[PDB]
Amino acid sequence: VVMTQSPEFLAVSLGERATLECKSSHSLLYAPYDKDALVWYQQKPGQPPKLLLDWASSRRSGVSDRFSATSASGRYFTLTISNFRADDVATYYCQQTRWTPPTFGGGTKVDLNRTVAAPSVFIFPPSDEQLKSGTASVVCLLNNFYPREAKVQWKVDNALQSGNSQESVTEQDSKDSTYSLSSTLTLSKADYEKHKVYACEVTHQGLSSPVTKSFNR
């Protein structure tokens, strides 16, 4: 039994309404209760998920009335968050519990909409002490941008690199609602020494065209 959610990421403004979609491959109608056996969870980072609603449309006790949900045909489900606020930023999972095994929606990440913000971009050469170690890490920082879609491309002596990079992303900042991102290119000293120009090229909807920070060494 396949559960599909959409979208994967959802930005909502500070008083508006979130509309999350969940699609079941099969009917989750449980005939004897005349209820759809579908459930909605909230999960914040670091916490176990919290059960918001059961049998598709029924709030759990304690759950804010700003939360509600909908079912059609026993297959299509909508979760709604009115008056979206800071403490609603989370991953929401739907779960079918009509058939065995129970299966999970895959999640929708809801964050706060906000004016677009271009990243500040910074590049850091490997430290020499690290080079003593035989390894070189070059770090690219995209500091405080919005939304959380950006592309980092590493280029060395302008030849595009692949597979020699890793990245990570902060959660949305609780005060100004931006993100930060770090991309790291890691090489053997041999490999570092084979090349001259190291450049990090960044694409983001806040920039008019890609921005390049680079160094020679």
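Residue positions are given as counts along the sequence shown, with the first one as 1.
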Legend entry - 15-23 set against 201-209, stretch whose average Cα temperature factor tops the other in the entry: 201-209
Inset, instruction - Mind pulling up the entry and telling me whether 122-130 or 105-113 has the higher mean Cα temperature factor? - result: 122-130
Inset, instruction - Name the residue from 58, 182, 165, 47 with the greatest C-alpha temperature factor listed in the entry. - result: 165
Legend entry - Ranked against its chain, the third holding the CA B-factor of residue 42: lowest
Legend entry - residue 30 - Cα temperature factor, lowest/middle/highest third of chain: lowest
Inset, instruction - Would you mind ranking residue 4 by its C-alpha B-factor against the rest of the chain and naming the third, lowest, middle or highest? - result: middle
Legend entry - CA B-factor placement of residue 149, once the chain's modelled residues are sorted into thirds: highest
Inset, instruction - Comparing against every modelled residue in the chain, figure out the third that the C-alpha B-factor of residue 172 lands in (lowest, middle or highest). - result: lowest
